[PDB]
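**Student:** To start, I am sharing the structure in question, which I have written as structure tokens.
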Amino acid sequence: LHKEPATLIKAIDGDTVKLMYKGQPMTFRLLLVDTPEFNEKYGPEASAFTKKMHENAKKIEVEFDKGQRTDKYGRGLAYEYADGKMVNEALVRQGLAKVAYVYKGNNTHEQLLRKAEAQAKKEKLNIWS
Ligand SMILES: Cc1cn([C@H]2C[C@H](OP(=O)(O)O)[C@@H](COP(=O)(O)O)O2)c(=O)[nH]c1=O
Ligand SMILES: [Ca+2]
């Protein structure tokens with residue numbers, strides 16, 4: 001896998017964001033995770049967390065996996081990095097997302113994220129409290 005550039009257009013919620021990629025506006029859905037919807041518990045905090053991560057970042061990158069790059073809704077499916085830090089992993093590690101939607105062939109970072117989730121559960125953070 002490799003990182004490719006992108007720039008923030010707009011924060012959306014815990015696991016979606018509007019980015020410019022190859023000069024086109026795209027909604028991205030973060031691979032292998034599920035945040036609560038904004039109207040759910042830990043939704044607002046998940047959204048804040050991802051927004052803060054985007055807005056503090058000097059450099060946003062996206063990384064496609066080996067499979068499908070777009071979902072059925074036209075959302076880009078990627079791992080996102082903010083200043084080299086994976087937003088998908090940071091959400092899990094903080095108990096603001098669950099590992100989810102692990103489809104065969106787009107699951108390169110599954111075990112990295114499961115390790116983060118096990119630590120968040122251990123610490124009883126947020127979703128796991
Ligand atoms: C994360 C992800 C979601 N999706 C689709 C499956 C789910 O379909 P349904 O909409 O039919 O439930 C939906 C979940 O995304 P959200 O959690 O953003 O709703 O997005 C994929 O197809 N591939 C993926 O990698
Ligand atoms: Ca969601």
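In the structure tokens, chains take the letters A, B, ... in the order shown, each chain's residues start at 1, and ligands count up from 1 in the order shown.
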Return as a JSON list (two decimals) with C-alpha atoms, in the first residue's frame every polymer residue, whether protein, DNA or RNA, with at least one atom no more than 6 Å from an atom of ligand 2; count only C-alpha atoms and all ligand atoms.
**Tutor:**
```json
[["chain", "number", "residue", "atom", "x", "y", "z"],
["A", 34, "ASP", "CA", -17.58, 2.30, 12.56],
["A", 35, "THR", "CA", -18.15, 5.46, 14.54],
["A", 36, "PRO", "CA", -21.51, 6.24, 16.15],
["A", 37, "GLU", "CA", -23.79, 8.47, 14.04]]
```
**Student:** Within 10 Å of ligand 1, which residues of chain A come that close, and what is the closest atom pair and distance in Å for each? Count only C-alpha atoms and all ligand atoms and give it as JSON lines.
**Tutor:**
```
{"residue": "A:13", "atom": "CA", "partner": "ligand 1", "partner_atom_place_in_ligand_line": "18 (O)", "distance": 9.4}
{"residue": "A:14", "atom": "CA", "partner": "ligand 1", "partner_atom_place_in_ligand_line": "18 (O)", "distance": 9.3}
{"residue": "A:15", "atom": "CA", "partner": "ligand 1", "partner_atom_place_in_ligand_line": "18 (O)", "distance": 6.8}
{"residue": "A:16", "atom": "CA", "partner": "ligand 1", "partner_atom_place_in_ligand_line": "18 (O)", "distance": 7.0}
{"residue": "A:28", "atom": "CA", "partner": "ligand 1", "partner_atom_place_in_ligand_line": "18 (O)", "distance": 9.6}
{"residue": "A:29", "atom": "CA", "partner": "ligand 1", "partner_atom_place_in_ligand_line": "1 (C)", "distance": 6.0}
{"residue": "A:30", "atom": "CA", "partner": "ligand 1", "partner_atom_place_in_ligand_line": "1 (C)", "distance": 6.2}
{"residue": "A:31", "atom": "CA", "partner": "ligand 1", "partner_atom_place_in_ligand_line": "1 (C)", "distance": 5.0}
{"residue": "A:32", "atom": "CA", "partner": "ligand 1", "partner_atom_place_in_ligand_line": "1 (C)", "distance": 5.8}
{"residue": "A:33", "atom": "CA", "partner": "ligand 1", "partner_atom_place_in_ligand_line": "1 (C)", "distance": 6.4}
{"residue": "A:34", "atom": "CA", "partner": "ligand 1", "partner_atom_place_in_ligand_line": "17 (O)", "distance": 5.6}
{"residue": "A:35", "atom": "CA", "partner": "ligand 1", "partner_atom_place_in_ligand_line": "17 (O)", "distance": 7.2}
{"residue": "A:36", "atom": "CA", "partner": "ligand 1", "partner_atom_place_in_ligand_line": "17 (O)", "distance": 8.1}
{"residue": "A:37", "atom": "CA", "partner": "ligand 1", "partner_atom_place_in_ligand_line": "17 (O)", "distance": 7.9}
{"residue": "A:67", "atom": "CA", "partner": "ligand 1", "partner_atom_place_in_ligand_line": "25 (O)", "distance": 9.4}
{"residue": "A:68", "atom": "CA", "partner": "ligand 1", "partner_atom_place_in_ligand_line": "25 (O)", "distance": 8.0}
{"residue": "A:69", "atom": "CA", "partner": "ligand 1", "partner_atom_place_in_ligand_line": "25 (O)", "distance": 8.6}
{"residue": "A:70", "atom": "CA", "partner": "ligand 1", "partner_atom_place_in_ligand_line": "23 (N)", "distance": 7.8}
{"residue": "A:71", "atom": "CA", "partner": "ligand 1", "partner_atom_place_in_ligand_line": "22 (O)", "distance": 4.8}
{"residue": "A:72", "atom": "CA", "partner": "ligand 1", "partner_atom_place_in_ligand_line": "22 (O)", "distance": 6.0}
{"residue": "A:73", "atom": "CA", "partner": "ligand 1", "partner_atom_place_in_ligand_line": "20 (O)", "distance": 7.4}
{"residue": "A:74", "atom": "CA", "partner": "ligand 1", "partner_atom_place_in_ligand_line": "22 (O)", "distance": 9.6}
{"residue": "A:75", "atom": "CA", "partner": "ligand 1", "partner_atom_place_in_ligand_line": "4 (N)", "distance": 8.6}
{"residue": "A:76", "atom": "CA", "partner": "ligand 1", "partner_atom_place_in_ligand_line": "25 (O)", "distance": 8.9}
{"residue": "A:77", "atom": "CA", "partner": "ligand 1", "partner_atom_place_in_ligand_line": "25 (O)", "distance": 6.0}
{"residue": "A:78", "atom": "CA", "partner": "ligand 1", "partner_atom_place_in_ligand_line": "25 (O)", "distance": 8.3}
{"residue": "A:99", "atom": "CA", "partner": "ligand 1", "partner_atom_place_in_ligand_line": "1 (C)", "distance": 9.8}
{"residue": "A:100", "atom": "CA", "partner": "ligand 1", "partner_atom_place_in_ligand_line": "1 (C)", "distance": 7.3}
{"residue": "A:101", "atom": "CA", "partner": "ligand 1", "partner_atom_place_in_ligand_line": "1 (C)", "distance": 5.2}
{"residue": "A:102", "atom": "CA", "partner": "ligand 1", "partner_atom_place_in_ligand_line": "25 (O)", "distance": 6.9}
{"residue": "A:103", "atom": "CA", "partner": "ligand 1", "partner_atom_place_in_ligand_line": "25 (O)", "distance": 6.7}
{"residue": "A:104", "atom": "CA", "partner": "ligand 1", "partner_atom_place_in_ligand_line": "25 (O)", "distance": 9.9}
{"residue": "A:106", "atom": "CA", "partner": "ligand 1", "partner_atom_place_in_ligand_line": "25 (O)", "distance": 7.4}
{"residue": "A:107", "atom": "CA", "partner": "ligand 1", "partner_atom_place_in_ligand_line": "25 (O)", "distance": 9.0}
```
**Student:** For the residues selected in the previous step, produce a file with N, CA and C atoms as a compact mmCIF listing (two decimals), in the first residue's frame.
**Tutor:**
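Below is the file that was written, again_16.txt:
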```txt
# COMPACT_ATOMS: atom_id res chain seq x y z
N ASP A 13 -18.23 13.59 9.80
CA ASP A 13 -18.45 13.00 11.14
C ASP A 13 -17.31 12.06 11.50
N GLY A 14 -17.56 11.09 12.37
CA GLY A 14 -16.48 10.33 12.97
C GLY A 14 -15.78 9.56 11.88
N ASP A 15 -16.51 9.03 10.91
CA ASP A 15 -15.85 8.12 9.92
C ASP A 15 -16.02 8.50 8.45
N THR A 16 -16.55 9.70 8.19
CA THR A 16 -16.56 10.29 6.87
C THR A 16 -16.01 11.73 6.88
N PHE A 28 -14.95 10.59 1.60
CA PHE A 28 -14.27 9.40 2.01
C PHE A 28 -14.92 8.75 3.24
N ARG A 29 -15.05 7.41 3.16
CA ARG A 29 -15.42 6.55 4.29
C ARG A 29 -14.19 5.75 4.75
N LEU A 30 -13.85 5.89 6.02
CA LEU A 30 -12.66 5.27 6.58
C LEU A 30 -12.84 3.76 6.65
N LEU A 31 -11.90 3.05 6.05
CA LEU A 31 -11.91 1.58 6.08
C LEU A 31 -11.84 1.00 7.50
N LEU A 32 -12.63 -0.06 7.74
CA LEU A 32 -12.41 -1.09 8.82
C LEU A 32 -12.91 -0.53 10.15
N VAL A 33 -13.61 0.61 10.07
CA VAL A 33 -14.13 1.22 11.31
C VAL A 33 -15.62 1.59 11.26
N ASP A 34 -16.21 1.79 12.44
CA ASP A 34 -17.58 2.30 12.56
C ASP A 34 -17.65 3.23 13.77
N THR A 35 -17.76 4.50 13.50
CA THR A 35 -18.15 5.46 14.54
C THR A 35 -19.67 5.52 14.76
N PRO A 36 -20.09 5.91 15.97
CA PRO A 36 -21.51 6.24 16.15
C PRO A 36 -21.96 7.42 15.26
N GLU A 37 -23.21 7.37 14.80
CA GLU A 37 -23.79 8.47 14.04
C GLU A 37 -23.91 9.61 15.03
N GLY A 67 -8.44 -3.70 -2.64
CA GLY A 67 -9.73 -3.94 -3.19
C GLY A 67 -10.45 -2.72 -3.71
N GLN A 68 -11.75 -2.77 -3.54
CA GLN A 68 -12.65 -1.74 -4.00
C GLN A 68 -12.22 -0.39 -3.44
N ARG A 69 -12.16 0.64 -4.28
CA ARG A 69 -11.78 1.99 -3.87
C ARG A 69 -12.93 2.91 -3.64
N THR A 70 -14.11 2.48 -4.04
CA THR A 70 -15.34 3.30 -3.93
C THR A 70 -16.39 2.38 -3.40
N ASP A 71 -17.24 2.81 -2.47
CA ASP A 71 -18.39 1.97 -2.12
C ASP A 71 -19.61 2.18 -3.02
N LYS A 72 -20.70 1.54 -2.69
CA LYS A 72 -21.91 1.68 -3.48
C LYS A 72 -22.53 3.08 -3.47
N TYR A 73 -22.17 3.89 -2.49
CA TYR A 73 -22.64 5.24 -2.42
C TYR A 73 -21.68 6.24 -3.12
N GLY A 74 -20.60 5.76 -3.74
CA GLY A 74 -19.64 6.61 -4.42
C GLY A 74 -18.63 7.16 -3.40
N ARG A 75 -18.61 6.64 -2.19
CA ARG A 75 -17.62 7.14 -1.20
C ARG A 75 -16.34 6.47 -1.44
N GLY A 76 -15.25 7.22 -1.40
CA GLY A 76 -13.94 6.65 -1.45
C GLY A 76 -13.71 5.80 -0.20
N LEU A 77 -13.07 4.66 -0.36
CA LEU A 77 -12.73 3.80 0.77
C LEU A 77 -11.20 3.75 0.95
N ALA A 78 -10.75 4.35 2.03
CA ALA A 78 -9.33 4.51 2.33
C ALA A 78 -9.00 4.49 3.85
N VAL A 99 -13.88 -1.62 15.37
CA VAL A 99 -13.47 -2.35 14.15
C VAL A 99 -14.76 -2.92 13.56
N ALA A 100 -14.95 -2.76 12.24
CA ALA A 100 -16.22 -3.10 11.58
C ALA A 100 -16.00 -3.20 10.06
N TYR A 101 -16.93 -3.85 9.37
CA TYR A 101 -16.98 -3.80 7.91
C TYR A 101 -15.67 -4.28 7.34
N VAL A 102 -15.20 -5.40 7.85
CA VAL A 102 -13.98 -5.99 7.40
C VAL A 102 -14.30 -6.88 6.26
N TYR A 103 -14.13 -6.38 5.05
CA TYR A 103 -14.35 -7.19 3.85
C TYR A 103 -13.03 -7.76 3.27
N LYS A 104 -13.09 -9.01 2.81
CA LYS A 104 -11.89 -9.72 2.32
C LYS A 104 -11.26 -8.89 1.19
N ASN A 106 -9.80 -5.85 1.25
CA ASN A 106 -9.62 -4.49 1.65
C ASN A 106 -9.43 -4.59 3.20
N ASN A 107 -8.52 -5.38 3.72
CA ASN A 107 -8.42 -5.54 5.14
C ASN A 107 -6.99 -5.56 5.56
```
**Student:** Hey, which of A:10, A:18, A:93, A:58 ends up closest to residue A:46? Count only C-alpha atoms.
**Tutor:**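 Answer, going by the shortest atom-to-atom distance: A:93.
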**Student:** So, counting only C-alpha atoms, which residue among A:59, A:124, A:115, A:109 is closest to residue A:82?
**Tutor:**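 When distances to residue A:82 are compared using only C-alpha atoms, the smallest one comes from A:59.
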**Student:** Between A:62, A:3, A:49, A:55, which has the minimum distance to residue A:27 (counting only C-alpha atoms)?
**Tutor:**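 Closest to residue A:27, using only C-alpha atoms: A:62.
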**Student:** Looking only at the backbone, which of the residues in stretch 12-118 of chain A does DSSP tag as alpha helix (DSSP H), as a list in words?
**Tutor:** residues 43, 44, 45, 46, 47, 48, 49, 50, 51, 52, 53, 54, 55, 87, 88, 89, 90, 91, 92, 93, 110, 111, 112, 113, 114, 115, 116, 117 and 118 of chain A
**Student:** Would you pick out the contacts of residue A:24 at 12 Å or less, using only C-alpha atoms, so that residues sharing its chain but fewer than 5 positions from it are not included, and give the list as a PDB file with N, CA and C atoms, in the first residue's frame?
**Tutor:**
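Contents of the output file around_18.pdb:
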```pdb
ATOM      1  N   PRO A   5      -1.553  12.094  -1.724  1.00  0.00           N
ATOM      2  CA  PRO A   5      -1.975  13.325  -1.102  1.00  0.00           C
ATOM      3  C   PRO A   5      -3.485  13.563  -1.225  1.00  0.00           C
ATOM      4  N   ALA A   6      -3.967  14.430  -0.352  1.00  0.00           N
ATOM      5  CA  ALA A   6      -5.296  14.931  -0.411  1.00  0.00           C
ATOM      6  C   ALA A   6      -5.290  16.179   0.511  1.00  0.00           C
ATOM      7  N   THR A   7      -6.327  16.996   0.400  1.00  0.00           N
ATOM      8  CA  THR A   7      -6.519  18.161   1.222  1.00  0.00           C
ATOM      9  C   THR A   7      -7.933  18.177   1.787  1.00  0.00           C
ATOM     10  N   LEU A   8      -8.085  18.657   3.005  1.00  0.00           N
ATOM     11  CA  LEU A   8      -9.389  18.741   3.590  1.00  0.00           C
ATOM     12  C   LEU A   8     -10.252  19.661   2.752  1.00  0.00           C
ATOM     13  N   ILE A   9     -11.469  19.241   2.471  1.00  0.00           N
ATOM     14  CA  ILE A   9     -12.526  20.205   2.127  1.00  0.00           C
ATOM     15  C   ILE A   9     -13.363  20.470   3.373  1.00  0.00           C
ATOM     16  N   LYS A  18     -14.944  15.033   3.766  1.00  0.00           N
ATOM     17  CA  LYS A  18     -14.856  15.511   2.389  1.00  0.00           C
ATOM     18  C   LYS A  18     -13.460  15.971   2.146  1.00  0.00           C
ATOM     19  N   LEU A  19     -12.800  15.353   1.169  1.00  0.00           N
ATOM     20  CA  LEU A  19     -11.452  15.673   0.836  1.00  0.00           C
ATOM     21  C   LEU A  19     -11.389  15.959  -0.649  1.00  0.00           C
ATOM     22  N   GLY A  76     -15.247   7.219  -1.398  1.00  0.00           N
ATOM     23  CA  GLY A  76     -13.936   6.647  -1.446  1.00  0.00           C
ATOM     24  C   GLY A  76     -13.712   5.796  -0.197  1.00  0.00           C
TER      25      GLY A  76
END
```
**Student:** Residues within 10 Å of residue A:125, please, as a list in words. Count only C-alpha atoms; anything in the same chain fewer than 6 positions from it doesn't count.
**Tutor:** residues 92, 93, 94, 95, 96, 117 and 119 of chain A
